[PDB]
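Some notes on the structure that comes next.
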2 protein chains.
Amino acid sequence: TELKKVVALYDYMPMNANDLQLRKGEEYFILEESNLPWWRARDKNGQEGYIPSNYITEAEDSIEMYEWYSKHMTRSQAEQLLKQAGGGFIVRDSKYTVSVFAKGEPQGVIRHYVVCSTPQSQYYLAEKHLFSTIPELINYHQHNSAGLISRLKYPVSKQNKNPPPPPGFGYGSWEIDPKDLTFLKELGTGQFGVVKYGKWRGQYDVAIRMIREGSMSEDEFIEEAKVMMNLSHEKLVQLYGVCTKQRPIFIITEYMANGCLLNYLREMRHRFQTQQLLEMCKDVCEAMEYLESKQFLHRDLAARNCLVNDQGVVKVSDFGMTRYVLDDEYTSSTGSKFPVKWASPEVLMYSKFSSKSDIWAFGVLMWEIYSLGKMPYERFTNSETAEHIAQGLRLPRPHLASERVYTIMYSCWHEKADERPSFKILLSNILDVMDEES
Amino acid sequence: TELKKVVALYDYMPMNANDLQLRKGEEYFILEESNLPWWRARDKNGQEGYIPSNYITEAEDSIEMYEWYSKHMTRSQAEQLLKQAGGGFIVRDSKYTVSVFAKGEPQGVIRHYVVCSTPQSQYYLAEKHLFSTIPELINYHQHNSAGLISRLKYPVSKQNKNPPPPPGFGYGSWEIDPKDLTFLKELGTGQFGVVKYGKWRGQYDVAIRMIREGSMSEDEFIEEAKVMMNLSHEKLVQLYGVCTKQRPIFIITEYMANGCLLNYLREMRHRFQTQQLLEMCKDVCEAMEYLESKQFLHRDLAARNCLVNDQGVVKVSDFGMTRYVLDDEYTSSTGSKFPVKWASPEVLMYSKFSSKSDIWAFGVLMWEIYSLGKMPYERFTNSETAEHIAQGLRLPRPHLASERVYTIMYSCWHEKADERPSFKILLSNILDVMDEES
Ligand SMILES: C[C@H]1CN(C2COC2)CCN1c1ccc(Nc2cc(-c3ccnc(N4CCn5c(cc6c5CC(C)(C)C6)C4=O)c3CO)cn(C)c2=O)nc1
Ligand SMILES: C[C@H]1CN(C2COC2)CCN1c1ccc(Nc2cc(-c3ccnc(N4CCn5c(cc6c5CC(C)(C)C6)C4=O)c3CO)cn(C)c2=O)nc1
């Protein structure tokens with residue numbers, strides 16, 4: 001049947017003819033197993049005989065066969081023998097513990113590192129390398145195992161690295177030269193004029209926005225043009241400059257290939273997925289957090305007022321351009337072209353726009369992003385919408401929105417403006433839910 | 001004042017005379033810090049000028065300066081770029097996470113190892129090497145750091161290794177030869193005869209126990225001598241043999257230098273400390289657990305009935321010798337020499353000794369060990385002791401005993417015998433409290 005084998009704990013010289021000579025380190029195969037103190041075994045040389053049971057070590061008992069494990073050693077005695085030894089690695093039972101000495105530093109320092117046991121029969125240690133430097137840890141794992149699937153010696157970078165939008169086509173270059181502008185095609189028309197994609201110096205992809213007669217207050221616009229030019233963020237359209245010497249003054253800004261994210265979600269639904277609109281909302285929230293840090297108010301925040309580039313990243317645009325609108329039906333709170341769908345309570349009532357109103361509009365933007373572009377309150381009217389917002393009604397939950405993101409965009413719509421979240425904490429929560437989704 | 005410096009995220013060619021040429025990798029010292037998008041810096045070559053803020057990386061921002069960290073990377077996109085890369089170490093923000101690929105095994109396997117942040121500004125990873133072999137882990141740490149005070153390459157062993165007691169002076173050697181016995185000195189007198197320390201064959205330290213006339217039932221003793229010889233344990237005195245051919249029959253057993261632990265704790269109080277009596281109790285409990293596994297009953301368990309050797313380890317002795325006593329005053333339950341102090345309720349009442357009675361006696365032994373040898377119920381008498389044990393009284397807590405060990409030795413004294421603990425769980429609890437003390 002099955003055969004048993006043990007190691008020679010110590011060495012024994014047969015005091016009796018019926019005994020076998022044990023020799024420390026020479027494994028012996030037990031021939032019979034009983035409860036008596038002596039059992040018959042056989043040696044590699046071929047001799048067999050009875051031998052003491054107090055001299056055998058089971059195959060799995062190799063722990064005792066080693067010169068480190070010491071079941072008798074405790075967390076105190078071990079430190080007393082490690083101080084007299086004066087770094088000695090000594091193992092003791094406790095499912096075990098290890099002790100090492102510290103060597104400079106004459107005051108001996110002892111550590112009691114405990115050995116933990118995995119539920120899957122494995123063993124490890126509750127100790128972390130504690131790298132105070134991330135690249136130092138990356139280099140360590142690069143030249144070590146550390147229980148990883150492989151060494152961290154295969155960087156995962158990309159070659160599609162494009163510089164960011166130049167904060168203006170040159171320092172102090174507020175006035176663009178129409179001669180440099182290289183009009184190429186047309187990008188549609190805007191509230192104040194017509195757009196067209198060209199190239200500054202024929203080497204920088206710019207989007208020229210020519211104005212319409214009696215559409216914007218060019219004077220005030222140029223007055224605050226330096227201000228609006230000082231606004232620069234990754235998720236923010238980069239205003240390159242303005243050609244004011246020529247009429248209509250040309251607002252040369254960053255170019256976005258996909259155009260309005262609203263149409264991107266309502267027509268270009270064959271280029272993204274349901275797991276990316278959250279990243280779009282993160283981009284929008286980052287832009288809003290920046291413009292809030294700048295004490296600037298978007299004033300008009302909506303998918304229509306956001307653009308998307310070839311890389312698929314969404315960025316806010318037309319930041320704070322309302323102040324330079326001439327259409328009364330759009331500027332007035334009771335006008336027809338006024339976006340009541342995204343407007344807020346205090347706005348619609350007393351015209352008290354604020355960062356809280358921008359947060360309300362951002363919540364509406366998240367709702368429509370998750371709705372794929374469906375218009376808010378498609379069934380209601382400009383007055384019924386205010387009625388329902390006052391009564392307490394809120395936009396429903398899109399079929400693709402989780403309860404978490406719905407709670408986010410709902411907190412964005414708190415009746416009390418002073419209670420509405422800030423864009424910073426909104427971005428924090430969006431990042432949290434993103435890390436959870438992923 | 002203080003000087004600032006950053007790294008060149010990308011490379012920039014001055015489109016304007018007021019600009020400075022940025023070159024990826026060339027650190028630049030920012031001359032002035034503002035909120036504008038362009039700031040003036042100076043280069044190592046000595047040239048200074050305005051440069052974009054979107055191209056600078058703070059010194060602590062080196063994370064982005066590396067080609068691994070990717071704040072945009074998520075737990076999904078990262079796995080999509082790692083599968084197309086097909087083990088690539090890619091870091092992303094999340095306070096961070098790392099991803100590596102698996103290479104054999106054509107079905108790509110990706111891991112999402114998260115990077116943890118210590119409260120002390122350090123960084124580590126929630127990953128264990130998971131060594132399924134203790135000596136394999138010891139070898140790994142022996143040739144690695146693993147965040148240890150030092151490599152596990154300094155064994156902490158001792159040269160004072162003595163073989164254990166030979167389970168008898170030879171196999172089947174039940175009858176010792178008085179000629180071999182080498183009587184040396186005297187060790188005192190016992191209940192049945194007189195003792196003396198000698199040497200078997202002049203080479204094995206043995207303790208001969210010569211019997212007294214009309215003190216023991218030599219016939220029954222020799223009858224069960226093979227049985228009592230089959231009892232062998234580390235914390236158990238090792239009966240070497242019996243010379244029955246000569247009168248008085250000499251019980252040659254293991255020699256213990258310190259003698260009775262009772263006198264060891266009552267006179268030899270200049271060789272141990274208050275942190276070792278717990279180990280003594282552990283030794284006694286191990287012996288009791290073994291003799292319980294053997295369905296053998298000590299019958300008389302007490303510090304007096306335990307010996308100690310030069311190494312300071314205590315071992316039980318005279319295991320089950322009561323059956324071979326001739327003194328009626330000691331055998332009878334109502335006799336004068338009967339140890340009522342250690343006796344149990346059922347014993348004193350109906351004479352129903354059992355493993356529960358042995359557990360009671362072991363609790364009493366622990367109490368007296370922690371009392372330094374004080375006699376149990378020094379004020380009471382044989383009858384008042386039973387009175388108080390029946391009423392519910394129990395031995396008090398020695399000044400050196402913690403509430404935990406007191407609860408242990410108190411559970412040892414449960415009124416209901418069927419409820420008294422087992423020696424196995426008692427040893428488990430003693431080991432637990434020992435690891436806690438240490
Ligand atoms: C999507 C493709 C589809 N393609 C079809 C498919 O085969 C042909 C045609 C092209 N089309 C396309 C591509 C790219 C772009 N990109 C860009 C659009 C615009 C743009 C265009 C028209 N109106 C506007 N708006 C709309 C908002 N708004 C304006 C002014 C004001 C507002 C609100 C206000 C009240 C604050 C005032 C305003 O100007 C804008 C945004 O400035 C600006 N910039 C810089 C671009 O890069 N757009 C569209
Ligand atoms: C401590 C030093 C001090 N030293 C002084 C200091 O300067 C001089 C003198 C020596 N002394 C000393 C040293 C070593 C030893 N060791 C040994 C003691 C004994 C021993 C001695 C006397 N009585 C007994 N008992 C006592 C218990 N018991 C006996 C028989 C029975 C019992 C109970 C019963 C009812 C079941 C029956 C019985 O025999 C024993 C235990 O067997 C046996 N063995 C094997 C030893 O190795 N003892 C004493």
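Across the Cα atoms of region A:332-404, what radius of gyration and what greatest pairwise Cα-Cα distance (Dmax) are found, in Å?
12.3, 36
Please identify every one of the trypsin sites (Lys or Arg not before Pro) in region B:376-438 that sits in a loop by DSSP and has no more than 12 other beta carbons within 10 Å of its own beta carbon.
Of the trypsin sites (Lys or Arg not before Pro), the ones in loops of region B:376-438 whose Cβ has at most 12 other Cβ atoms within 10 Å are B:379, B:416.
Would you work out the relative contact order for region B:312-386, in percent, from Cα pairs under 8 angstrom that are 6 or more residues apart?
22
Per DSSP H run of at least 4 residues, take -39500 (n - 2.57); add these up for chain A, divide by its residues and hand me the 222 nm value, nearest 500 deg cm²/dmol.
-7500 deg cm²/dmol
Please give the charge dipole size of chain A, origin at the Cα centre, charges +1 on K and R Cβ atoms and -1 on D and E Cβ atoms. Round to the nearest 20 debye.
My answer is approximately 680 debye.
Using the Kirkwood formula over every pair of different C-alpha atoms, what hydrodynamic radius in Å results for the protein assembly as shown?
Computed over the protein assembly as shown, the radius equals 35.7 Å.
Tell me, what HN-Hα J-couplings in whole Hz come from the Karplus equation 6.51 cos²θ - 1.76 cosθ + 1.60 at θ = phi - 60° for each residue of region B:47-60, using x for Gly and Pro?
Karplus-based 3J(HN,Hα) across region B:47-60 equals 8, 10, x, 6, 8, x, 6, 7, 10, 9, 10, 4, 3, 5 Hz.
With charges set only on the Cβ (+1 for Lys and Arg, -1 for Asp and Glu), what does the dipole of the protein assembly as shown come to about its Cα centre, in debye to the nearest 20?
Its charge dipole is roughly 980 debye.
What are the label-to-label distances in nm, one decimal and shortest first, from residue A:407 to the same spot in the other copies, with labels 7 Å along Cα to Cβ?
4.0
Taking H placed 1.01 Å from N in the peptide plane, check which residues at least 5 places from residue B:132 or on another chain put their amide H under 5 Å from its amide H.
Amide H neighbours of residue B:132: A:123.
What list do you get for A:406, B:50 if you sort them by fewest beta carbons within 10 Å?
A:406, B:50
Give the percent of DSSP beta bridges with both residues in the protein assembly as shown that are antiparallel, rounded to the nearest 5.
90
Distance between the C-alpha centers of region A:109-178 and region B:315-362? Whole Å please.
Here the two parts' Cα centres lie 70 Å apart.
Put +1 on the Cβ of every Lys and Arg and -1 on every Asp and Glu Cβ in region A:181-254; which of A:217, A:188, A:237 then has its Cα farthest towards the positive end of the dipole?
A:188
Report the Rg/Rh value for region A:265-383, based on alpha-carbon coordinates and the Kirkwood definition of Rh.
0.96
Residue B:3 label points, 7 Å along Cα→Cβ, one per copy: pairwise distances from this copy to the rest in nm, shortest first?
Distances between equivalent label points, in nm: 7.7.
Distances from residue A:18 to the same residue in each other copy, label points 7 Å out along Cα→Cβ, in nm, shortest first?
Spacings between copies for this position, smallest first, are 10.9 nm.
On a straight-distance basis, which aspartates and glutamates could pair with residue A:103 in a cross-link, Cα separation under 16 angstrom, same-chain partners fewer than 8 positions away excluded?
Cross-link targets: A:79.
In debye, nearest 20, what is the charge dipole magnitude of region A:1-81 about its Cα centre with +1 on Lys and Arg Cβ and -1 on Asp and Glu Cβ, if you could check?
100
Using a ≥ b ≥ c from the Cα gyration tensor of region B:220-272 (square roots of the eigenvalues), is it rounded, prolate or oblate, where a/c under 1.5 gives rounded and otherwise the larger of a/b and b/c decides, a/b for prolate?
Because a/c hits 1.5 or more and a/b exceeds b/c, region B:220-272 counts as prolate.
In whole Å, what is the distance between the alpha-carbon centres of region B:1-74 and region B:199-240?
90
Would you please give the residues with an amide H less than 5 Å from that of residue B:57, counting only those at least 5 places away or on a separate chain, with H modeled from the backbone geometry?
Amide H neighbours of residue B:57: B:7, B:9.
For region A:6-64, what's the relative contact order in percent, using C-alpha pairs closer than 8 Å and at least 6 residues apart?
35
Output the antiparallel fraction of DSSP beta bridges having both residues in region B:66-142, as a percent to the nearest 5.
Among the beta bridges of region B:66-142, antiparallel pairing accounts for roughly 85 percent.
I need the Debye-formula profile for chain A: one equal scatterer per C-alpha, no solvent, reported as log10 I(q)/I(0) at q = 0.08, 0.09, 0.10, 0.13 1/Å, two decimals.
-0.66, -0.73, -0.82, -1.17
Treating cross-link reach as a plain straight distance, find the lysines whose alpha-carbon is under 28 Å from the alpha-carbon of residue B:196, omitting any fewer than eight places away in the same chain.
Answer for residue B:196, where 28 Å is the Cα cut-off: B:161, B:179, B:185, B:226, B:235, B:245, B:315, B:337, B:374, listed by chain and number.
Quick one: Karplus J couplings for region B:375-383, per residue in order, coefficients 6.51, -1.76, 1.60, θ = phi - 60°, nearest Hz, x for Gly and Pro?
6, x, 6, 4, 8, 7, 10, 4, 8
Whole-Hz Karplus ³J(HN,Hα) for region B:387-395, in order, using 6.51 cos²θ - 1.76 cosθ + 1.60 and θ = phi - 60°, x for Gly and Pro?
3, 6, 5, 6, 4, x, 5, 9, 4
Can you list the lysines whose alpha carbon is less than 17 Å from that of residue B:4, not counting same-chain residues fewer than 8 positions off?
By straight Cα distance, residue B:4 reaches B:44.
Taking the square root of 5 times each eigenvalue of the Cα gyration tensor, what semi-axes in Å does the equivalent ellipsoid of region A:6-64 have, largest first?
Taking √(5λ) for each Cα gyration eigenvalue gives 16, 13, 11 Å.
All of the numbers you see were taken from the coordinates with simple rules; none came from a lab. Positions of Cβ are generated from backbone atoms using ideal geometry, with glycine treated the same way; all protein chains shown enter the neighbour counts.
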